[PDB]
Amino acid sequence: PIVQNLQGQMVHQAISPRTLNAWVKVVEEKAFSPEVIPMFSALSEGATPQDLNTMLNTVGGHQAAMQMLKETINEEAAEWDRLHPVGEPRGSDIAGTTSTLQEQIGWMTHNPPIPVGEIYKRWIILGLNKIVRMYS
């Protein structure tokens, strides 16, 4: 996640193994109940796309669900590019596939900012909503 350090520079703090376990624990315990959504949000405060990918990648099994989530992300990335045919970030940059941590932090702190972690979080939550709907 992005944090303000004591200096207060805005910098990246490494994602915690505790956060990753907490995320997998909720997915496994609640079996993609609606409860997964607020938990995903609570665990991803300040997340960069790199952080979010590391979170999502720790979910094992649920291959079909994860594939659906990836397709939702791909669709949102393509829609971003349709509405932003110039400039940076690209949709793939928001999803962290073609961007670096430094690029992500730069966009998040730019003036004006492009909150790429929040945008990606929104896309992921849209994907999670479809999974939740499907598994209900």
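Residue numbers run from 1 along the displayed sequence.
Student: Please compare 30 to 38 with 87 to 95 and name the stretch with the higher mean C-alpha B-factor in the deposited structure.
Tutor: Per the PDB record, 30 to 38.
Student: Test of understanding: from the entry's C-alpha B-factors, which stretch has the higher mean, 65 to 73 or 98 to 106?
Tutor: It is 65 to 73.
Student: Classify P113 as lowest, middle or highest third according to the C-alpha B-factor given in the PDB entry, relative to its own chain.
Tutor: Its C-alpha B-factor, which the entry lists for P113, ranks in the highest third among residues of this chain.
Student: Among all modelled residues of this chain, ranked by Cα B factor, put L52 in the bottom, middle or top third, i.e. lowest, middle or highest.
Tutor: It falls in the bottom third of the chain.
Student: Where does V59 sit by CA temperature factor within its chain: lowest, middle or highest third?
Tutor: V59: CA B-factor falls in the middle third of its chain.
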